Amino acid sequence: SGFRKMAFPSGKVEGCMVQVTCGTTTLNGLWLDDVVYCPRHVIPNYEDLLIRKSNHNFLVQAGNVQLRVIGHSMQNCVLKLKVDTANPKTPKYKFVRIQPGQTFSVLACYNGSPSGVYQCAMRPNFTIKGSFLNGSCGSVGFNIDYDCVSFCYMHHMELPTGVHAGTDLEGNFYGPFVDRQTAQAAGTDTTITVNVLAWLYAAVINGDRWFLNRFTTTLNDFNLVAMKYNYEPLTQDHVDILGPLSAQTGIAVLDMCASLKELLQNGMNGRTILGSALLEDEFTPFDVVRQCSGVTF
Amino acid sequence: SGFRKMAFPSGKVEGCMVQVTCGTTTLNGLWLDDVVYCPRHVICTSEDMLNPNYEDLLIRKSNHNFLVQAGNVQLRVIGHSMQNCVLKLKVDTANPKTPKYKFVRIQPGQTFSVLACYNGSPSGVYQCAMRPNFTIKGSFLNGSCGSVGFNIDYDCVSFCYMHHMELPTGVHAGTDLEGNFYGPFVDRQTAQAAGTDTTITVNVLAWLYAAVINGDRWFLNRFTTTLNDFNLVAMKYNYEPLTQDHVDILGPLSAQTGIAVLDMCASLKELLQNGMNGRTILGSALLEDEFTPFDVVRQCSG
Ligand SMILES: O=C1N(c2cncc3ccc(F)cc23)CC[C@]12COc1ccc(Cl)cc12
Ligand SMILES: O=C1N(c2cncc3ccc(F)cc23)CC[C@]12COc1ccc(Cl)cc12
Ligand SMILES: [Cl-]
């Protein structure tokens, strides 16, 4: 029993974190095989700024060992520093681009040293509600499937509302953001509906049923309600994905939608669900199944 | 900016997790140097659990009855001893991945990271607090026994908790790494229950200071309170008493934000009376009590 915001074990990623210094800027790098990946803002016309740099300008430190940079190239908003030594701790890995609503673990780092790990979600507005200070750039987001680390995020900046923006590991930004000091803002955010439903199923599995009702709804009627409360539309794919949780608890997906509609129109009336007075949207259907079954890595 | 429930990076602990099997029971062990630490109830059957005589059950076992697996390698048990509710299995190989470590016993209100494990394999990491009633609100299934709680301030791992059992309300009970239980619990299947729980007042105040540091002041008021008037009100909402130690501990956060501890206590009193009126504090509609004054200073900007 119990339901916590749980991150993946971070050890496979900890063994990849390095410190990257160029001039007065120090940030984090990800060392995989013989390449260190980091935000290109560590060095704007980035091609013009990069051509003026030599390999020895990039100081890379892995623990108490200085790695030697033997090459450098830019891919979108990520800088790839070729080093002479392959990381002996390189895990089995892939670079994957995630979709809004998907969750991942963040290993927050400062000076190439990991300080904490937390779980978060890519918001529908492409920002992440992270916890980062100056020096955290280059910190990464990931998931683990069996023994393979799927790197999905690299931290680049903080927006004026305190939320965060970054790229995939191929340097493509999530969201309409750019890596430069200019007027940028997070767009209006929405709630991840499929994730709220997954969390309601987790609450039922853990013994909370007060919000259940005898009613059902249609996808069309539910989506009219979701639009009114700034909730993302629910698709037939989302309904299909919630199939296993619907079969386990005996509550059809549109039956849980009628519970959610009632919660949106009436509130919680002083009650809580899994220790929360707000509807939680940062657990996917897969996260719920994984935590309620104890999958290991 | 931002404020998350943050766990310590788990790698140093992942390299210590092993699987311990005795008869039909399999659970997790912590391998440090040449010793594997695990709950002593690994020697029990489900029947034995009502009134187990651990000394009598242990004397009947030999070293080869304990199967210890570290990854795909079987370790050899060369000795065994019991210390309180923990079993210490001496092995013939020291863990080459043993980090710098200490065993620390924590007090209620302290936080720690839990590396939840099944069959000696880590499945996830989350942040917990030792509740005032000595239980933890964890997330554990059958097979999670032997999973550990820890803190990693600097490069040293301080092991503070080892998971032993789930109580009927879904909360969890365990020991320090010397095998002493937190609270009045026993590693027996007798009728046991968590006592009435209370809110960790010093942690709620720390979290209100975190909200002020992050730019939120809506909840502040023009009032102050004596410590005794604060405690008389707070006890009516099942909040733990605030002591002069707690007031002293909140000194640095008070100096940084310019809000006196007793002035923040007055704001807490008003929040308990009024509720949040549709507002949130650091993305939460409830008053959060699982961040210590030390956690706030560590995570927040100076
Ligand atoms: O947002 C930024 N940074 C921060 C990142 N994460 C949390 C931060 C928290 C506070 C802070 F002051 C800065 C933070 C540091 C660099 C910087 C400042 O200006 C930039 C412009 C463009 C780009 Cl790509 C990056 C940045
Ligand atoms: O609570 C217990 N266990 C569980 C632990 N953590 C989450 C569990 C979740 C579910 C579950 F069914 C068991 C869990 C497994 C062993 C067991 C069953 O009875 C006991 C009595 C005394 C002691 Cl010391 C231990 C136990
Ligand atoms: Cl303590």
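Just follow the structure's listing: the first ligand is 1, and inside any ligand the first atom is 1. Note on naming: letters A, B, ... go to the chains in the order of the sequence lines (proteins, then strands), and numbering restarts at 1 for each one.
With ligand atoms numbered from 1 in the order given, ligand 1 contributes 21 (C), 22 (C) to contacts under 4.0 Å with heavy atoms of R180(A). Those atoms of ligand 2 with a heavy atom of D187(B) less than 4.0 angstrom away are 24 (Cl). The contact set between ligand 2 and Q189(B), taken as ligand atoms under 4.0 Å from a residue heavy atom, comprises 19 (O), 20 (C), 21 (C).
Which of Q184(A), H155(A), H156(A) comes nearest to atom 25 (C) of ligand 1 through a heavy atom is settled by distance: it is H156(A).
By the definition of a contact as any protein heavy atom under 4.0 Å away, atom 15 (C) of ligand 1 is in contact.
In this structure, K5(A) satisfies the cation-pi test against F283(A), with its NZ or CZ atom closer than 6.0 Å to the six-membered ring centre and inside 45 degrees of the ring normal. Remark: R97(A) is positioned above the aromatic ring of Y174(A), its terminal NZ or CZ atom under 6.0 angstrom from the ring centre and at most 45 degrees off the axis.
Only the side chain of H41(A) comes within 4.0 Å of ligand 1, judged by heavy-atom distances. Both the backbone and the side chain of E166(B) come within contact range of ligand 2, each with a heavy atom under 4.0 Å. Contact annotation for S136(A) and ligand 1: only side-chain heavy atoms (C-beta onward) come within less than 4.0 Å of the ligand.
Atom CG of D189(A) and atom NZ of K129(A) lie 6.0 Å apart (nearest 0.5 Å).
Remark: minimum distance from atom 10 (C) of ligand 2 to any protein heavy atom is reached at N142(B) N, 3.9 Å. Ranking the protein heavy atoms by distance from atom 23 (C) of ligand 1 puts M157(A) CB, 3.8 Å first. Nearest protein heavy-atom neighbour of atom 3 (N) of ligand 1: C137(A) SG, 4.1 Å.
The pair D289(B)-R131(B) meets the salt-bridge criterion, since a charged nitrogen lies less than 4.0 angstrom from a carboxylate oxygen.
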Under 3.5 Å, sequence neighbours excluded: what are the donor-acceptor pairs made by side chains of residues 80-87 of chain B?
unit_1, atom_1, unit_2, atom_2, d
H80(B), ND1, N63(B), OD1, 2.9
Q83(B), OE1, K88(B), NZ, 3.1
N84(B), ND2, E178(B), O, 2.9

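Open room surrounds CZ on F294(B); 12 or fewer heavy atoms of other groups in view lie less than 6.0 Å from it.
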